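1. one piece of my complex first, more on the way:
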Amino acid sequence: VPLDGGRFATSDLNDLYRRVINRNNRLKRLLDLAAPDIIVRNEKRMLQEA
Amino acid sequence: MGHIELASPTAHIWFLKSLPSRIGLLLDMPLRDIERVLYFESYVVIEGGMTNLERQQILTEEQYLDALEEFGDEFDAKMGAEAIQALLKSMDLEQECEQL
Amino acid sequence: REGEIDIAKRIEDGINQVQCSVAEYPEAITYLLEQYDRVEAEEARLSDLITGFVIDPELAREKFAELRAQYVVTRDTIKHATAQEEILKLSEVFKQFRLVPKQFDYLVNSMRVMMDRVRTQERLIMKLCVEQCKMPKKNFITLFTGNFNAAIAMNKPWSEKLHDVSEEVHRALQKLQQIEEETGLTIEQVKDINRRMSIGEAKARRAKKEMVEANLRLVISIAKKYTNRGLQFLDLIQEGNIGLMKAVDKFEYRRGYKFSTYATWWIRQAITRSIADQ
């Protein structure tokens, strides 16, 4: 819901979902760039944690 | 509703961490090692093949590289939720229950 | 940068190892003898087929005639160190080919899929045995390093249980024999050479994983300066790292440069373009 001050009142899910959608998207980068394993490991673990 | 196509598989935390762990109880593999697998702190061989590696055996980081030198590609091990998904999809339900 | 040289020499050792291991396949000779003739018929080009040797197409003609003459003497060495001296001679001329990346990639994934060809059988037979036999598997290792074409009567009660699957086992022997004859080589030798190339690539990747932590300094320092372009530090480090990875496989380490001094030429390429994308 948009608030009076302009800063929207947000449920936490819209952040948590956002927190997922970044990292998954980020992972979608590395599967295309053929990144090394030591990087995509950290990225997959961050995705799982999110 | 919507859906996000996860770029990689991902373990559901409700079946992994709610005690008793359903994932662990189904795989007969203790929870403390499954956490190490699907958080990329260890490996697990999805198949040993012609190699002295049990299908539930966990390996640490350098042991995977070491077991490479000893057996090459005879066995196959992964880490993360892909490995647990493989171990799950690989098992035979009715055969396992008739054996147990 | 002496650690860089220690790493790079083991890298080149691994790539020499995978080169001489893939060189043992005789059908690769037929493949390249088709390839060079596609080039000579103006339907292919050598600059996409071979980068150099260990450029002129006449020396390539000489080398490919040598490889053809070596393939015929590979044919007549049916006799088993008699084949071993010839296959070492074939590796001698094969290791003199600085093949184009994509062609060598085709070769190595061809070896991978032909290894998988026997892999499927070696797996499925095991999943047929391990369900019902409770078998002397520790000795199935020996039984399969040998090759059920002779082993039926294993003189135990489970020697009856193998009769439940024996038909599918013999079907698996038929498929194993057809794949064994298709390659013109013993399956065990293929297992060994594929193990060898796997170990070469594993050692190279090992040294790569030491190198990436060895060279975090340059990417950290460049990303720390590039923070202010409208991005976080934590993804500019990714751009610099993947740029470093692109710099790895194309670094002529004998040039005397520090490898870091090379990666920036692509790190700037990797970050300033990524800021364009995000």
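-> Good, I have the coordinates. Residues are numbered from 1 along each chain as shown, chains lettered A, B, ... in the order given.

2. so what's residue A:26 up against?
-> A:43, C:235 (Cβ atoms under 8 Å, 6 or more residues apart in numbering or on different chains). (C-beta placed from N, C-alpha, C; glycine too.)

3. neighbours of residue C:161, how many?
-> By the criterion of other Cβ atoms under 10 Å in any protein chain shown, residue C:161 has 17 neighbours.

4. in chain B, what residue lies closest to chain C?
-> residue B:72 (3.1 Å; Cβ to the nearest Cβ).

5. look up phi and psi at that residue.
-> Residue B:72 has phi and psi values of phi 70, psi -120 when expressed as degrees, to the nearest 10.

6. any idea how far it is from residue C:204?
-> 15 Å (Cβ to Cβ, to the nearest Å).

7. likewise for residue B:76?
-> Distance from residue B:76 to residue C:204, by Cβ to Cβ: 20 Å.

8. one more: residue C:122?
-> From residue C:122 over to residue C:204 (counting by Cβ to Cβ), the distance is 26 Å.

9. compare those two (neighbour count), which wins?
-> residue C:204 (21 against 17).

10. quick check, the more buried one in contact with residue C:15.
-> Yes - counting by Cβ atoms under 8 Å, residue C:204 touches residue C:15, with 6.5 Å between them.

11. apart from its chain neighbours, what residue comes closest to the residue positioned nearest the centre of chain B?
-> The centroid of chain B falls nearest to residue B:84 when counting by Cα atoms, centre = their mean (3.4 Å). Spatial nearest neighbour of residue B:84, chain neighbours left out: residue B:38 (5.3 Å); criterion: Cβ to Cβ, 6 or more residues apart in numbering or on different chains.

12. same question, residue C:77
-> residue C:86 (4.2 Å).

13. extra chain here, label it RNA strand D:
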RNA sequence: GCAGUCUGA
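-> Adding RNA strand D to what we have so far:
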């Protein structure tokens, strides 16, 4: 929408 505090029965 939530948190914190105070208060009432």
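
14. can you classify the residue of chain A found nearest chain B as helix, strand or coil?
-> Nearest to chain B in chain A, going by Cβ to the nearest Cβ, is residue A:27, at a distance of 4.3 Å. What DSSP: H, G, I helix; E, B strand; the rest coil gives for residue A:27 is helix.

15. element containing the residue nearest to the centre of chain B?
-> helix B:81-90 (DSSP states H and E).

16. the residue nearest to the centre of chain B reaches residue B:11, doesn't it?
-> Yes - counting by Cβ under 8 Å, residue B:84 does reach residue B:11; the two are 5.9 Å apart.

17. overlap in contacts, those two.
-> Looking at what touches both residue B:84 and residue B:11 (by Cβ under 8 Å, 6+ apart), the common residues are B:23, B:38.

18. excluding its backbone neighbours, what's nearest residue 1?
-> Using chain A. residue A:9 (4.9 Å).

19. not quite, go with chain C.
-> residue C:258 (4.5 Å).

20. now that neighbour: phi and psi?
-> Taking degrees, to the nearest 10 as the convention, residue C:258 sits at phi -70, psi 140.

21. surely it and residue C:3 touch.
-> No - counting by Cβ under 8 Å, residue C:258 stays clear of residue C:3, with 10.6 Å between them.

22. re earlier: residues in contact with the residue nearest to the residue of chain A closest to chain B when sequence neighbours are not counted?
-> Distance criterion Cβ to Cβ, 6+ apart; nearest residue to residue A:27, sequence neighbours excluded, is residue B:7 at 4.3 Å. Residue B:7 makes contacts with A:24, A:27-28, A:31, A:47, as judged by Cβ under 8 Å, 6+ apart.

23. separation between residue B:7 and residue B:85?
-> Where residue B:85 is concerned, residue B:7 sits at a distance of 14 Å (Cβ to Cβ).

24. can you add DNA strand E next? sequence is:
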DNA sequence: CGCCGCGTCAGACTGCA
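-> So that you can see how it sits with the rest, here is DNA strand E on the chains above:
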């Protein structure tokens, strides 16, 4: 040793994405 719970209702006021 980690995890699960620890009364109901109401009013007021701040502060905050």
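
25. repeat for the contacts of residue B:7, accounting for DNA strand E.
-> Contacts of residue B:7 by Cβ under 8 Å, 6+ apart are A:24, A:27-28, A:31, A:47.

26. save these as TSV, and put in neighbour count too.
-> Below are those laid out as TSV (neighbours: other Cβ atoms under 10 Å in any protein chain shown):
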residue	neighbour count
A:24	20
A:27	19
A:28	15
A:31	12
A:47	24
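
27. out of these, which is nearest to chain C?
-> residue A:27 (11.2 Å).

28. neighbours around residue B:73, how many?
-> Neighbour tally, residue B:73, other Cβ under 10 Å: 19.

29. for it, which non-adjacent residue is closest in space?
-> residue C:198 (5.3 Å).

30. next to chain C, which bits of chain A? Give me the list.
-> Residues of chain A that fall close to chain C, judged by Cβ under 8 Å from any Cβ of the partner chain: A:26, A:29-30, A:33, A:35-39.

31. in helices, which of those appear?
-> A:26, A:29-30, A:33, A:37-39 (DSSP state H).

32. with distance to residue C:148 added, can I get those in TSV?
-> Formatted as TSV, these follow (distance: Cβ to Cβ, whole Å):
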residue	distance to residue C:148
A:26	51
A:29	50
A:30	46
A:33	47
A:37	39
A:38	44
A:39	46
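
33. hang on, the earlier thing: and the helix holding residue B:84, what does it pack against?
-> helix B:22-27, helix B:31-38, strand B:43-47 (3 or more Cβ pairs under 8 Å, 6 or more residues apart in numbering or on different chains; DSSP states H and E).

34. still on that earlier bit, confirm that the residue nearest to residue B:73 sits in a helix.
-> Yes - residue state for residue C:198 (three-state DSSP) corresponds to a helix.

35. ok, it - contacts?
-> Residue C:198 neighbours (Cβ under 8 Å, 6+ apart): B:68, B:72-73.

36. nearest to residue B:1, of those residues?
-> Of all the contacts of residue C:198, residue B:73 has the smallest distance to residue B:1: 42.0 Å, by Cβ to Cβ.
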